[PDB]
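The data block below is my_file.pdb; it holds PDB, N, CA and C atoms.
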```pdb
ATOM      1  N   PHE A   1     -31.457 128.524 140.812
ATOM      2  CA  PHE A   1     -32.655 128.005 141.453
ATOM      3  C   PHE A   1     -32.565 127.997 142.970
ATOM      4  N   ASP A   2     -31.363 127.958 143.545
ATOM      5  CA  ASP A   2     -31.262 128.152 144.986
ATOM      6  C   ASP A   2     -31.524 129.601 145.353
ATOM      7  N   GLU A   3     -30.909 130.535 144.626
ATOM      8  CA  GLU A   3     -31.089 131.958 144.889
ATOM      9  C   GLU A   3     -32.488 132.437 144.515
ATOM     10  N   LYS A   4     -33.238 131.643 143.748
ATOM     11  CA  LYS A   4     -34.629 131.954 143.438
ATOM     12  C   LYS A   4     -35.517 131.906 144.677
ATOM     13  N   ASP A   5     -35.088 131.220 145.735
ATOM     14  CA  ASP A   5     -35.783 131.226 147.016
ATOM     15  C   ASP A   5     -35.310 132.331 147.958
ATOM     16  N   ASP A   6     -34.617 133.346 147.445
ATOM     17  CA  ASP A   6     -34.528 134.605 148.172
ATOM     18  C   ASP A   6     -35.812 135.401 148.029
ATOM     19  N   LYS A   7     -36.501 135.249 146.906
ATOM     20  CA  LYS A   7     -37.734 135.992 146.715
ATOM     21  C   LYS A   7     -38.934 135.222 147.242
ATOM     22  N   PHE A   8     -39.086 133.962 146.835
ATOM     23  CA  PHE A   8     -40.324 133.264 147.153
ATOM     24  C   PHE A   8     -40.376 132.850 148.608
ATOM     25  N   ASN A   9     -39.266 132.419 149.170
ATOM     26  CA  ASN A   9     -39.143 132.389 150.612
ATOM     27  C   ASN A   9     -38.512 133.700 151.033
ATOM     28  N   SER A  10     -38.513 133.955 152.340
ATOM     29  CA  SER A  10     -37.839 135.088 152.983
ATOM     30  C   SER A  10     -38.321 136.449 152.485
ATOM     31  N   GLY A  11     -39.470 136.511 151.848
ATOM     32  CA  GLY A  11     -40.111 137.775 151.596
ATOM     33  C   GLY A  11     -41.097 138.080 152.688
ATOM     34  N   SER A  12     -41.500 139.348 152.775
ATOM     35  CA  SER A  12     -42.496 139.725 153.769
ATOM     36  C   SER A  12     -43.813 139.008 153.526
ATOM     37  N   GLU A  13     -44.228 138.897 152.264
ATOM     38  CA  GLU A  13     -45.547 138.355 151.954
ATOM     39  C   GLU A  13     -45.614 136.855 152.201
ATOM     40  N   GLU A  14     -44.497 136.148 152.051
ATOM     41  CA  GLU A  14     -44.515 134.714 152.314
ATOM     42  C   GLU A  14     -44.400 134.414 153.798
ATOM     43  N   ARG A  15     -43.575 135.171 154.520
ATOM     44  CA  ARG A  15     -43.450 134.944 155.954
ATOM     45  C   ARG A  15     -44.733 135.295 156.694
ATOM     46  N   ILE A  16     -45.468 136.302 156.222
ATOM     47  CA  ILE A  16     -46.792 136.584 156.765
ATOM     48  C   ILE A  16     -47.748 135.449 156.437
ATOM     49  N   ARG A  17     -47.605 134.861 155.250
ATOM     50  CA  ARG A  17     -48.527 133.824 154.806
ATOM     51  C   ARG A  17     -48.343 132.554 155.612
ATOM     52  N   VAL A  18     -47.098 132.176 155.892
ATOM     53  CA  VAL A  18     -46.861 130.912 156.575
ATOM     54  C   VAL A  18     -47.247 131.020 158.040
ATOM     55  N   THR A  19     -46.955 132.157 158.681
ATOM     56  CA  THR A  19     -47.421 132.348 160.051
ATOM     57  C   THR A  19     -48.931 132.449 160.120
ATOM     58  N   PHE A  20     -49.582 132.938 159.067
ATOM     59  CA  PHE A  20     -51.036 132.895 159.036
ATOM     60  C   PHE A  20     -51.537 131.467 158.968
ATOM     61  N   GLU A  21     -50.828 130.607 158.252
ATOM     62  CA  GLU A  21     -51.213 129.206 158.208
ATOM     63  C   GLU A  21     -50.700 128.457 159.423
ATOM     64  N   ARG A  22     -49.598 128.912 160.017
ATOM     65  CA  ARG A  22     -49.141 128.250 161.229
ATOM     66  C   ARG A  22     -50.001 128.610 162.416
ATOM     67  N   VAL A  23     -50.407 129.871 162.568
ATOM     68  CA  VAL A  23     -51.186 130.274 163.740
ATOM     69  C   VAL A  23     -52.613 129.739 163.655
ATOM     70  N   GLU A  24     -53.164 129.621 162.445
ATOM     71  CA  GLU A  24     -54.528 129.129 162.272
ATOM     72  C   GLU A  24     -54.656 127.685 162.724
ATOM     73  N   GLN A  25     -53.722 126.856 162.280
ATOM     74  CA  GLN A  25     -53.678 125.461 162.683
ATOM     75  C   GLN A  25     -53.335 125.368 164.168
ATOM     76  N   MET A  26     -52.449 126.251 164.611
ATOM     77  CA  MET A  26     -51.980 126.292 165.995
ATOM     78  C   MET A  26     -53.063 126.584 167.039
ATOM     79  N   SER A  27     -53.943 127.529 166.742
ATOM     80  CA  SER A  27     -55.045 127.889 167.622
ATOM     81  C   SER A  27     -56.032 126.742 167.757
ATOM     82  N   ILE A  28     -56.178 125.951 166.694
ATOM     83  CA  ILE A  28     -56.975 124.732 166.758
ATOM     84  C   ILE A  28     -56.358 123.745 167.739
ATOM     85  N   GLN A  29     -55.030 123.632 167.729
ATOM     86  CA  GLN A  29     -54.347 122.697 168.613
ATOM     87  C   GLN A  29     -54.417 123.133 170.068
ATOM     88  N   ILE A  30     -54.346 124.437 170.336
ATOM     89  CA  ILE A  30     -54.481 124.920 171.707
ATOM     90  C   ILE A  30     -55.909 124.752 172.192
ATOM     91  N   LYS A  31     -56.881 124.977 171.306
ATOM     92  CA  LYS A  31     -58.276 124.733 171.646
ATOM     93  C   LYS A  31     -58.520 123.259 171.940
ATOM     94  N   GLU A  32     -57.832 122.370 171.226
ATOM     95  CA  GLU A  32     -57.921 120.950 171.545
ATOM     96  C   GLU A  32     -57.225 120.639 172.861
ATOM     97  N   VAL A  33     -56.031 121.193 173.078
ATOM     98  CA  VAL A  33     -55.312 120.929 174.322
ATOM     99  C   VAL A  33     -56.001 121.621 175.490
ATOM    100  N   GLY A  34     -56.502 122.836 175.268
ATOM    101  CA  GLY A  34     -57.216 123.542 176.320
ATOM    102  C   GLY A  34     -58.515 122.866 176.710
ATOM    103  N   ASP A  35     -59.158 122.187 175.761
ATOM    104  CA  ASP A  35     -60.269 121.321 176.127
ATOM    105  C   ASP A  35     -59.778 120.007 176.722
ATOM    106  N   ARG A  36     -58.578 119.561 176.341
ATOM    107  CA  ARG A  36     -58.021 118.354 176.943
ATOM    108  C   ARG A  36     -57.481 118.618 178.340
ATOM    109  N   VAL A  37     -56.994 119.832 178.612
ATOM    110  CA  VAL A  37     -56.599 120.173 179.976
ATOM    111  C   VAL A  37     -57.826 120.267 180.869
ATOM    112  N   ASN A  38     -58.917 120.825 180.348
ATOM    113  CA  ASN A  38     -60.163 120.874 181.105
ATOM    114  C   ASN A  38     -60.766 119.488 181.284
ATOM    115  N   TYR A  39     -60.472 118.556 180.373
ATOM    116  CA  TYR A  39     -60.957 117.189 180.520
ATOM    117  C   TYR A  39     -60.175 116.438 181.595
ATOM    118  N   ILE A  40     -58.856 116.639 181.645
ATOM    119  CA  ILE A  40     -58.032 116.009 182.674
ATOM    120  C   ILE A  40     -58.318 116.623 184.038
ATOM    121  N   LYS A  41     -58.587 117.921 184.089
ATOM    122  CA  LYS A  41     -58.941 118.553 185.354
ATOM    123  C   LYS A  41     -60.313 118.093 185.830
ATOM    124  N   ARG A  42     -61.246 117.866 184.900
ATOM    125  CA  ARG A  42     -62.570 117.397 185.285
ATOM    126  C   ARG A  42     -62.525 115.948 185.745
ATOM    127  N   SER A  43     -62.088 115.044 184.867
ATOM    128  CA  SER A  43     -62.212 113.618 185.153
ATOM    129  C   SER A  43     -61.202 113.153 186.198
ATOM    130  N   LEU A  44     -59.928 113.507 186.028
ATOM    131  CA  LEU A  44     -58.889 112.923 186.871
ATOM    132  C   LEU A  44     -58.783 113.623 188.220
ATOM    133  N   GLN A  45     -58.743 114.957 188.223
ATOM    134  CA  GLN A  45     -58.461 115.690 189.453
ATOM    135  C   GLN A  45     -59.631 115.684 190.426
ATOM    136  N   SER A  46     -60.862 115.521 189.939
ATOM    137  CA  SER A  46     -61.982 115.347 190.853
ATOM    138  C   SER A  46     -62.025 113.933 191.413
ATOM    139  N   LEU A  47     -61.456 112.967 190.694
ATOM    140  CA  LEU A  47     -61.447 111.570 191.108
ATOM    141  C   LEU A  47     -60.120 111.165 191.737
ATOM    142  N   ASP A  48     -59.457 112.094 192.424
ATOM    143  CA  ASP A  48     -58.205 111.801 193.110
ATOM    144  C   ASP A  48     -58.405 111.062 194.426
ATOM    145  N   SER A  49     -59.639 110.939 194.904
ATOM    146  CA  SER A  49     -59.904 110.245 196.157
ATOM    147  C   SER A  49     -60.446 108.844 195.900
TER     148      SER A  49
ATOM    149  N   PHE B   1     -67.272 137.658 142.126
ATOM    150  CA  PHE B   1     -67.341 137.713 143.577
ATOM    151  C   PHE B   1     -66.453 136.685 144.258
ATOM    152  N   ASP B   2     -66.118 135.580 143.592
ATOM    153  CA  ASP B   2     -65.111 134.691 144.156
ATOM    154  C   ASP B   2     -63.730 135.313 144.060
ATOM    155  N   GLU B   3     -63.389 135.861 142.893
ATOM    156  CA  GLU B   3     -62.088 136.488 142.688
ATOM    157  C   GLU B   3     -61.954 137.794 143.462
ATOM    158  N   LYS B   4     -63.064 138.351 143.953
ATOM    159  CA  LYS B   4     -63.027 139.530 144.809
ATOM    160  C   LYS B   4     -62.357 139.244 146.150
ATOM    161  N   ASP B   5     -62.279 137.980 146.560
ATOM    162  CA  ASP B   5     -61.536 137.578 147.747
ATOM    163  C   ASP B   5     -60.078 137.226 147.461
ATOM    164  N   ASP B   6     -59.544 137.631 146.310
ATOM    165  CA  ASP B   6     -58.096 137.720 146.174
ATOM    166  C   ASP B   6     -57.566 138.964 146.864
ATOM    167  N   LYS B   7     -58.366 140.021 146.912
ATOM    168  CA  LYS B   7     -57.905 141.239 147.556
ATOM    169  C   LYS B   7     -58.246 141.247 149.037
ATOM    170  N   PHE B   8     -59.507 140.990 149.383
ATOM    171  CA  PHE B   8     -59.912 141.189 150.767
ATOM    172  C   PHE B   8     -59.392 140.088 151.668
ATOM    173  N   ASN B   9     -59.384 138.857 151.201
ATOM    174  CA  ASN B   9     -58.557 137.846 151.825
ATOM    175  C   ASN B   9     -57.234 137.833 151.085
ATOM    176  N   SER B  10     -56.260 137.120 151.646
ATOM    177  CA  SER B  10     -54.950 136.853 151.041
ATOM    178  C   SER B  10     -54.154 138.118 150.723
ATOM    179  N   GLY B  11     -54.506 139.242 151.308
ATOM    180  CA  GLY B  11     -53.647 140.397 151.272
ATOM    181  C   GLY B  11     -52.780 140.435 152.498
ATOM    182  N   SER B  12     -51.714 141.232 152.438
ATOM    183  CA  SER B  12     -50.847 141.374 153.600
ATOM    184  C   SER B  12     -51.600 141.970 154.776
ATOM    185  N   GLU B  13     -52.442 142.971 154.523
ATOM    186  CA  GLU B  13     -53.092 143.696 155.610
ATOM    187  C   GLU B  13     -54.160 142.854 156.291
ATOM    188  N   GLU B  14     -54.795 141.941 155.560
ATOM    189  CA  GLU B  14     -55.800 141.090 156.187
ATOM    190  C   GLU B  14     -55.166 139.927 156.929
ATOM    191  N   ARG B  15     -54.110 139.339 156.370
ATOM    192  CA  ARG B  15     -53.447 138.236 157.055
ATOM    193  C   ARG B  15     -52.757 138.699 158.331
ATOM    194  N   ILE B  16     -52.238 139.927 158.346
ATOM    195  CA  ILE B  16     -51.721 140.506 159.581
ATOM    196  C   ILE B  16     -52.853 140.739 160.568
ATOM    197  N   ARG B  17     -54.024 141.130 160.065
ATOM    198  CA  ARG B  17     -55.144 141.463 160.934
ATOM    199  C   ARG B  17     -55.692 140.224 161.613
ATOM    200  N   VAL B  18     -55.804 139.119 160.881
ATOM    201  CA  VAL B  18     -56.418 137.929 161.453
ATOM    202  C   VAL B  18     -55.478 137.274 162.451
ATOM    203  N   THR B  19     -54.174 137.239 162.151
ATOM    204  CA  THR B  19     -53.225 136.733 163.137
ATOM    205  C   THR B  19     -53.137 137.640 164.347
ATOM    206  N   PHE B  20     -53.376 138.939 164.183
ATOM    207  CA  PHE B  20     -53.463 139.807 165.347
ATOM    208  C   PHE B  20     -54.668 139.460 166.197
ATOM    209  N   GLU B  21     -55.769 139.080 165.565
ATOM    210  CA  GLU B  21     -56.936 138.661 166.324
ATOM    211  C   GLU B  21     -56.814 137.215 166.765
ATOM    212  N   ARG B  22     -56.072 136.396 166.023
ATOM    213  CA  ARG B  22     -55.883 135.028 166.478
ATOM    214  C   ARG B  22     -54.913 134.956 167.633
ATOM    215  N   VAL B  23     -53.813 135.711 167.607
ATOM    216  CA  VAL B  23     -52.816 135.621 168.675
ATOM    217  C   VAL B  23     -53.331 136.270 169.957
ATOM    218  N   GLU B  24     -54.151 137.316 169.841
ATOM    219  CA  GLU B  24     -54.682 138.004 171.014
ATOM    220  C   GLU B  24     -55.586 137.094 171.827
ATOM    221  N   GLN B  25     -56.508 136.396 171.166
ATOM    222  CA  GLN B  25     -57.350 135.450 171.882
ATOM    223  C   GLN B  25     -56.601 134.181 172.256
ATOM    224  N   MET B  26     -55.539 133.891 171.512
ATOM    225  CA  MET B  26     -54.677 132.736 171.733
ATOM    226  C   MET B  26     -53.865 132.833 173.027
ATOM    227  N   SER B  27     -53.331 134.021 173.293
ATOM    228  CA  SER B  27     -52.547 134.290 174.490
ATOM    229  C   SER B  27     -53.417 134.240 175.734
ATOM    230  N   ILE B  28     -54.685 134.625 175.593
ATOM    231  CA  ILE B  28     -55.652 134.471 176.673
ATOM    232  C   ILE B  28     -55.857 132.998 176.996
ATOM    233  N   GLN B  29     -55.924 132.157 175.965
ATOM    234  CA  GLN B  29     -56.144 130.731 176.170
ATOM    235  C   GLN B  29     -54.937 130.052 176.797
ATOM    236  N   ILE B  30     -53.724 130.468 176.434
ATOM    237  CA  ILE B  30     -52.529 129.905 177.056
ATOM    238  C   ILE B  30     -52.413 130.367 178.497
ATOM    239  N   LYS B  31     -52.774 131.623 178.762
ATOM    240  CA  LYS B  31     -52.803 132.121 180.131
ATOM    241  C   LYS B  31     -53.827 131.367 180.968
ATOM    242  N   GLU B  32     -54.951 130.983 180.364
ATOM    243  CA  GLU B  32     -55.912 130.147 181.071
ATOM    244  C   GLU B  32     -55.373 128.738 181.268
ATOM    245  N   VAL B  33     -54.770 128.153 180.232
ATOM    246  CA  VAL B  33     -54.235 126.800 180.360
ATOM    247  C   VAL B  33     -53.004 126.799 181.256
ATOM    248  N   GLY B  34     -52.164 127.827 181.137
ATOM    249  CA  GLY B  34     -50.991 127.922 181.992
ATOM    250  C   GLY B  34     -51.338 128.122 183.453
ATOM    251  N   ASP B  35     -52.460 128.785 183.728
ATOM    252  CA  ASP B  35     -52.970 128.797 185.092
ATOM    253  C   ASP B  35     -53.670 127.487 185.435
ATOM    254  N   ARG B  36     -54.227 126.799 184.435
ATOM    255  CA  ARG B  36     -54.836 125.498 184.694
ATOM    256  C   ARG B  36     -53.788 124.408 184.862
ATOM    257  N   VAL B  37     -52.635 124.530 184.196
ATOM    258  CA  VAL B  37     -51.548 123.586 184.439
ATOM    259  C   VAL B  37     -50.975 123.793 185.832
ATOM    260  N   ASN B  38     -50.855 125.048 186.260
ATOM    261  CA  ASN B  38     -50.399 125.332 187.617
ATOM    262  C   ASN B  38     -51.427 124.908 188.656
ATOM    263  N   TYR B  39     -52.710 124.866 188.284
ATOM    264  CA  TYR B  39     -53.739 124.400 189.207
ATOM    265  C   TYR B  39     -53.695 122.883 189.363
ATOM    266  N   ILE B  40     -53.473 122.160 188.264
ATOM    267  CA  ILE B  40     -53.358 120.704 188.324
ATOM    268  C   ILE B  40     -52.066 120.299 189.020
ATOM    269  N   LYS B  41     -50.993 121.054 188.823
ATOM    270  CA  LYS B  41     -49.746 120.761 189.519
ATOM    271  C   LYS B  41     -49.869 121.054 191.009
ATOM    272  N   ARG B  42     -50.621 122.097 191.373
ATOM    273  CA  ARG B  42     -50.804 122.416 192.783
ATOM    274  C   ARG B  42     -51.702 121.395 193.463
ATOM    275  N   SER B  43     -52.941 121.259 192.983
ATOM    276  CA  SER B  43     -53.927 120.461 193.705
ATOM    277  C   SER B  43     -53.665 118.963 193.568
ATOM    278  N   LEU B  44     -53.449 118.482 192.344
ATOM    279  CA  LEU B  44     -53.402 117.040 192.124
ATOM    280  C   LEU B  44     -52.040 116.451 192.470
ATOM    281  N   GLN B  45     -50.959 117.069 191.989
ATOM    282  CA  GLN B  45     -49.635 116.468 192.124
ATOM    283  C   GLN B  45     -49.095 116.541 193.545
ATOM    284  N   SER B  46     -49.542 117.510 194.346
ATOM    285  CA  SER B  46     -49.170 117.511 195.754
ATOM    286  C   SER B  46     -49.984 116.495 196.542
ATOM    287  N   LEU B  47     -51.175 116.149 196.055
ATOM    288  CA  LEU B  47     -52.060 115.204 196.724
ATOM    289  C   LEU B  47     -51.987 113.812 196.108
ATOM    290  N   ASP B  48     -50.816 113.425 195.602
ATOM    291  CA  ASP B  48     -50.621 112.096 195.037
ATOM    292  C   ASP B  48     -50.448 111.016 196.096
ATOM    293  N   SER B  49     -50.295 111.388 197.362
ATOM    294  CA  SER B  49     -50.124 110.410 198.428
ATOM    295  C   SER B  49     -51.420 110.222 199.207
TER     296      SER B  49
END
```
Please re-express this file's structure in structure tokens.
Amino acid sequence: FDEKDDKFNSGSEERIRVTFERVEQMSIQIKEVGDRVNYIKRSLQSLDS
Amino acid sequence: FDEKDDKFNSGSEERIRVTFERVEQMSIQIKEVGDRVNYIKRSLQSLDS
């Protein structure tokens, strides 16, 4: 059962699948941070005086 | 027609394709945020006094 994860993990089709699920969630997080960077640049950096 | 998206989605060639389109627009967003982080570090953090 340990060696059974030579196929189900560490295959081409699973590593493509997990990065597809990692990048999909990841792009959402950058879009949130990229809107949060634009929020900090708008609110805080204009109000530095 | 639901099971028809076992092939067109969830194939190796489509999951590679979408991450290719996700990472391409993703790197643009990091380049924008990475220039926006350098902009906040330049303008705001030097003007903290």
List, as a ChimeraX atom specification, every residue that the ChimeraX specification (/A :<8) & /B selects in the file provided.
-> /B:11-12,15-16,18-19,22-23,25-26,29-30,32-33,36-37,39-40,43-44,47-48
In Å, with one decimal, what is the gap from atom CA of residue B:10 to atom N of residue A:4?
->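 For atom CA of residue B:10 relative to atom N of residue A:4, the distance reads 23.5 Å.
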Find the axis-aligned box for stretch 35-48 of chain B, covering all its listed atoms and adding 6 Å on each side, and write its centre and edge lengths in Å to one decimal as JSON.
```
{"center_x": -52.0, "center_y": 119.9, "center_z": 190.2, "size_x": 17.7, "size_y": 29.8, "size_z": 25.0}
```
Pairwise distance for atom CA of residue B:9 and atom N of residue A:7, rounded to one decimal in Å =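 So the answer is 22.7 Å.
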What is the distance between atom N of residue B:5 and atom N of residue A:8, in Å to one decimal?
->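 A separation of 23.5 Å between them.
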